[PDB]
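**Q** One structure follows; several queries about it will come next.
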Amino acid sequence: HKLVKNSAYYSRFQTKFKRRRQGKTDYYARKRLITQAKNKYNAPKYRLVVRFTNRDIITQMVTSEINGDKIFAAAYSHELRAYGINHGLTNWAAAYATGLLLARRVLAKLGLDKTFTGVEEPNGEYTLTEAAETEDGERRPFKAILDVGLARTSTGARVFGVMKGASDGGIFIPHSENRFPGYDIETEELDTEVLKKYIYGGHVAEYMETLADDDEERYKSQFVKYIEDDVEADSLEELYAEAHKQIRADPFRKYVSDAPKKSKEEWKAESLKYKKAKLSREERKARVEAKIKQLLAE
Amino acid sequence: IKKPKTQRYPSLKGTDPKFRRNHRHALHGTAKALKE
Amino acid sequence: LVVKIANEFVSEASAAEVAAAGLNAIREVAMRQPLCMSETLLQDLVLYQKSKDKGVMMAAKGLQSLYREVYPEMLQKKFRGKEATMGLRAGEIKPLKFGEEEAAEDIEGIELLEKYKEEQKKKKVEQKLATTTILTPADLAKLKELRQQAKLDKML
Amino acid sequence: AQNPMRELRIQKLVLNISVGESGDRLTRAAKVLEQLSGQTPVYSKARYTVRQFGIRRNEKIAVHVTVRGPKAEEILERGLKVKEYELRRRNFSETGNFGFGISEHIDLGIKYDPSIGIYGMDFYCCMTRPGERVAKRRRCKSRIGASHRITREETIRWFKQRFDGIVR
Amino acid sequence: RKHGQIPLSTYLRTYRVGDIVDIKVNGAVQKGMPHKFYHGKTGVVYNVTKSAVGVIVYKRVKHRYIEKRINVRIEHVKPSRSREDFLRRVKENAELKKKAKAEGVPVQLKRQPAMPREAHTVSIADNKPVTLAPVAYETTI
Amino acid sequence: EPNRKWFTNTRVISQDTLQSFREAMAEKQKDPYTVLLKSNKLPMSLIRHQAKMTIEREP
RNA sequence: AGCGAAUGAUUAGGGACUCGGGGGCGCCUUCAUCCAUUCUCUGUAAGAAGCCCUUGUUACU
RNA sequence: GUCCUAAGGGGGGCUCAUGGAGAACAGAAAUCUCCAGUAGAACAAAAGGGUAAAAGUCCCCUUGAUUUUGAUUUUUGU
RNA sequence: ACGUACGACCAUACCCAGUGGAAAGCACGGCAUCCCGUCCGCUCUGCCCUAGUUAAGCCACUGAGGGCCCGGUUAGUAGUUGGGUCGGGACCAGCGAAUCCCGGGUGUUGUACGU
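The structure is reproduced here in structure tokens:
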């Protein structure tokens, strides 16, 4: 007969933050991510926010201000259809391509696009961008810190695929090789060939080969759009290489999303048409009087 | 109780040693800059 | 005997004084012979240090400390402490066994004494011991001092 | 109400054997659970010392195994065949789960090994609806709605429809 | 201040030497607190470090004041609006004096306290005065 | 200071024990040559209307 | 700083009782042992040493 | 005379006390399952302050529980 | 205006019930070869975006809901600072609350990409 949820409990209840009640922000990690040394003053601390959705990847340059965060640059996985990748936009190779695209976009916006060019041919080796031989002198590489959010940082996660994409694009992201999908904990040596296979999406290719050999029905159920648009297991490496070359060529391509298209005012008018509105004070008082009449009848 | 007097240029004693080390070299550099 | 003392003396219905007396007796028996325990029983008895009674707390902490010097493997990783975990990680601490006696082929600190003699010889040049060299009493005192210094370094 | 993602399904089936004593009896009970489920069972220690039960803290006194998928349906069907497809109405919880208990594990179809012995079991079937990942996931964890929560009556009707059982 | 998470804009304030800041001790974090006294006091930043600032306070002892230098973390300090009314005034007065010198007509350069009010006319149309007794007649009822 | 032991009985004794003690102590007073030992520690406190009716019936 | 259901009591009726003690003739006992029961929650600011622009120095960033 | 005067650091995962409803023996109390649960648990202050993707608990590596020099507070040296 | 990502104030945002959701985005979802972690692919991780569904999350609306927040009053009242050769508390000069009640509400907003 205990009533835990009473008026005293509701009055003494102290809510969490809104983005923690929604379960979207880890403020304990976010504090360490956004604090800058006070002797460094107004030096921005750029972070690569990476988030993974069921059908998309969201990769951003984020800076922190006292009243909000600013997006310096942003690249999404669905924009790779303009570069060629129109299948598997949430896999490890698409994560790498999105990270490379974001790195090229932020370097082009900063203007260091020609001074800092990363590794142009992906090899799968643990490398970090260093100081470039500028004619003026030594230019330190542009630095950003990875922010994975609430993702479990296990070995083989695509949060490190986007990391490797930015590191190959030219951003100095401090990182270690032990969470790449070729690392062995016992040996403590990274497998460059397996990492390159994940770069060019060869794990998906050998998956379709294995499925086509053993279980044709499951292959047709899962990889149906690959069959429909006639992309094979052997063509994935060339497709991703051409996509990387096109990304390094034109980082600011525009993609038509094939969704219904209107203007901001037209979408505003449509959303106001499909919008139930709150009752006025007079209407609320009228329904309160109706409830009072019902109570008097009762 | 009168307020104590203050110095226009306070002594850099409790300041961060790294900033003090850089600041003294900056003072020497601007010193030869003024001597030039 | 230890199981009977644990059941009759250290139980949920037992008084605090009865539990403290039983744990003290168990600690005495464990000092005299440590192999009487089971690991689960010892961890259960060490968990009585969280008791609100001071006597039960100090008796359980005495039992835990005794097994820290004697046999830290039965103790939980939370309860081992610093030196026990470092010794178990490095491998110096060995399991205690019934009937096991020391079988040191060389004297304790003889390696340190030989190292000190080699350092003195190297200093003289710049300016096996048990088999051939006669054990001087000054050399034995120096070896004891070196063993004490090595024990202090291992403790640090 | 008839929406095909409101259909009831078995979230899990948990098999429990609380021996009350450690050693060979618990080892053979774990052997029974392992050969039944196909998975390695997990042991459960006592959390406080009870003198009248002959148990103490940290001493292992129980064993259990959680099985999901069609294997859970098969094991539940065998247990219900032992229980002659008949349950008493108290066995259904207010949260939509149910459970029962058998006294001999040889009624499940397991052979009698004389070294192993005879042990009884507790079967607990936890039900769910599609959309429990909302309450089980790490990022954006939320609560299941009242219209989506399973009711004791719905569990009883689902049992009577699928397993043609008699709840009385 | 509620229990739980510290707001994160405390870490995003940029601190320089010479700034005027006050000390509000945050009970949640124990590292970097000043003494019990020097809480709620306002002083001048003389040293800025990676995660803390040095504040000059003037304590009183007997019949004199002693300068004190304290190292307090950024989590317990807050910018003080004591000189906000001076900085806004100096910027406003500087630009106003520049505009007045450009135009030719001199303006008021000093803030003036509350002067007595001037003469004005109050009309009794639609605001006819009501007569009040020392005690309200409704109250007497 | 408030305490629970202010509101408890401090000395209790049973019927048979009190009766036996009184009978034995009376037998001890019967002899004038027998005196108690440690009498200060003994419970010796246990050992140690016609006009009104007429006035009530007739004032 | 101290108090504390981490407390203060109750135990008639029920047992275990047996050498706990003791008595009588190994056997019963008479007390007594306990257990089972229960009750009690005051700081700072209000400028010419101040503000703004330009310009260097640095091993700091 | 014996015994106690307390294991810290980094990272990761998970929520505690308790209540309701259920499962052969199993009941007031053994293990298992769901829901509710702002801390009512735990952290070596028994009713002080502070902590919930942690400052609690568990797991993996570790001894920043290391040398050296000034400054500040409690106020000549500590 | 509506979503998504990162956010600032951190209940006007929380908790309990119902009702609805164009477009896209979400989400539930499907499959365990590889990376990875479990008593259990439950969680985590990998692959699919095809199918199904707005059932739940999420958003919006509703409630003489609990709570929370903001105004009037309470009240120039309580209280407090000085004055009198004032009485046996009231005046003079001034500062000046919060309850109780009467009501209202039930989130604003930055950056970037889209519908």
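Residue numbers (the authors' numbering), protein chains in the order written: chain LD, 4 to 301; chain Lb, 21 to 56; chain CR, 385 to 511, 618 to 646; chain LJ, 6 to 173; chain LT, 20 to 160; chain Cd, 71 to 118, 130 to 140. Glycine included, each C-beta is placed from N, C-alpha and C at the ideal position.
#1: Check whether chain LT comes within 8 angstroms of residue 38(LD), counting only Cβ atoms and requiring the distance to be less than that.
#2: Quick one: which chain LD residues come within Cβ less than 7 angstroms of residue 146(LJ)?
#3: Under 7 angstroms Cβ-Cβ, which residues of chain LT neighbour residue 20(LD)?
#4: Would you give the residue range spanned by the beta strand (DSSP E) that residue 411(CR) belongs to?
#5: For residue 149(LD), return the contacting residues in chain LJ, with the cut-off set at a CB-CB distance below 9 angstroms.
#6: For residue 126(LJ), name the three-state secondary structure that DSSP assigns.
#7: Taking the alpha-carbon positions, what's the residue 126(LD) to residue 193(LD) distance?
#8: Applying a beta-carbon distance threshold of less than 9 angstroms, which residues of chain LT neighbour residue 23(Lb)?
#9: To the nearest angstrom, how far is the alpha carbon of residue 408(CR) from that of residue 443(CR)?
#10: Can you give the Cα-Cα distance for residue 100(LD) and residue 182(LD), rounded to whole angstroms?
#11: Note the first and the last residue of the continuous alpha helix (DSSP H) segment covering residue 65(LJ).
#12: Can you tell me whether residue 231(LD) is helix, strand or coil according to DSSP?
#13: Looking only at its own chain, which residues have a Cβ that is under 8 angstroms from the Cβ of residue 153(LJ), when we skip the five neighbours before and after it?
#14: Assuming residue 501(CR) contacts residue 625(CR) (C-beta within less than 8 angstroms), just tell me the rounded distance between them.
#15: Could you check how far apart the C-beta atoms of residue 163(LT) and residue 39(LT) are, in whole angstroms? I think they sit under 8 angstroms.
#16: Relative to the C-alpha of residue 36(LD), which candidate in 45(LD), 50(LD), 25(LD) and 46(LD) has its C-alpha closest?
#17: Check residue 78(LJ) in the structure and name its three-state DSSP category.
#18: Should the region 459-466 of chain CR be called in touch with the region 477-491 of chain CR, which here means at least 3 C-beta pairs below 8 angstroms?
#19: Got a sec, what are the start and stop residues for the alpha helix (DSSP H) residue 130(LD) sits in?
#20: Along the chain, where does the alpha helix (DSSP H) that runs through residue 42(LJ) open and close?
#21: Counting only beta-carbon atoms, is residue 30(LJ) nearer than 8 angstroms to chain LD?
#22: Would you report the Cα separation of residue 30(LJ) and residue 123(LJ), rounded to the nearest angstrom?
#23: In the DSSP assignment, what are the bridge partners of residue 73(LD)?
#24: The beta strand (DSSP E) spanning residue 112(LT) covers which residue range?
#25: Can you list, in chain order, the residues of its chain with a C-beta nearer than 6 angstroms to that of residue 94(LJ)? Leave out the 5 residues immediately preceding and following it.
#26: Please say whether residue 92(LD) and residue 144(LJ) have beta carbons closer to each other than 8 angstroms?
#27: Roughly how many whole angstroms lie between the Cα atoms of residue 25(LT) and residue 46(LD)?
#28: At what residues does the beta strand (DSSP E) containing residue 432(CR) begin and finish?
#29: When burial is assigned at 16 or more other CB atoms within 10 Å of the CB, is residue 31(LD) buried or exposed?
#30: Closer than 8 angstroms by beta-carbon distance: list the chain Lb residues that pair up with residue 108(LT), in chain order.
#31: On the DSSP bridge assignment, give the partners of residue 104(LJ) in chain order.
#32: Looking only at its chain, what residues have a beta carbon closer than 8 angstroms to the beta carbon of residue 36(LJ), apart from the 5 residues adjacent to it on each side?
#33: Please state whether DSSP places residue 641(CR) in a helix, a strand or coil.
#34: Could you run through the region 44-71 of chain LD and flag, in chain order, every residue whose CB is less than 7 angstroms away from some CB of chain LT?
#35: Compare the Cα-Cα distances from residue 162(LJ) to each of 106(LJ), 151(LJ) and 92(LJ) and report the closest residue.
#36: So, does the region 102-110 of chain LT touch the region 64-76 of chain LT, judging by three or more C-beta pairs under 8 angstroms?
**A** Based on what the coordinates show:
#1: Yes - at least one Cβ of chain LT is within 8 angstroms of the one on residue 38(LD).
#2: 26
#3: 24, listed in chain order.
#4: Unbroken run through residue 411(CR) is the alpha helix (DSSP H), 400-416; no beta strand (DSSP E).
#5: Ordered by position in chain LJ, no residue passes the 9 angstroms Cβ test against residue 149(LD), which lies about 17 angstroms from the chain.
#6: strand
#7: 12 angstroms
#8: 77 and 84
#9: Residue 408(CR) and residue 443(CR): Cα-Cα distance of roughly 6 angstroms.
#10: When only Cα atoms are considered, residue 100(LD) and residue 182(LD) end up about 18 angstroms apart.
#11: Premise fails: residue 65(LJ) lies in the beta strand (DSSP E), 65-72, not in any alpha helix (DSSP H).
#12: helix
#13: 11, 134 and 136
#14: Actually they are not in contact, since the Cβ atoms of residue 501(CR) and residue 625(CR) sit about 12 angstroms apart, beyond 8 angstroms.
#15: Because residue 163(LT) is not part of the residues shown, which for chain LT are 20 to 160, the question remains open.
#16: 50(LD)
#17: If DSSP states are grouped into helix, strand and coil, residue 78(LJ) belongs with the helices.
#18: no
#19: Where residue 130(LD) is concerned, there is no enclosing alpha helix (DSSP H), given that its DSSP letter is neither H nor E.
#20: 29-42
#21: no
#22: Roughly 10 angstroms between the two C-alpha positions.
#23: 66(LD)
#24: First-last for residue 112(LT): 103-122, but that is the alpha helix (DSSP H), not the beta strand (DSSP E).
#25: 172
#26: One thing to note: residue 144(LJ) has its Cβ no nearer than 8 angstroms to the Cβ of residue 92(LD).
#27: 23 angstroms
#28: Segment: none, residue 432(CR) is in no beta strand (DSSP E) and carries neither H nor E.
#29: exposed
#30: By Cβ distance, chain Lb contributes nothing, its closest Cβ being about 23 angstroms from residue 108(LT), past 8 angstroms.
#31: 129(LJ)
#32: 121
#33: In the structure shown, residue 641(CR) sits in a helix (DSSP, three-state: H, G or I).
#34: Residues of the region 44-71 of chain LD with a C-beta less than 7 angstroms from any C-beta of chain LT: 44, 45, 67, 68 and 69, listed in chain order.
#35: 92(LJ)
#36: no
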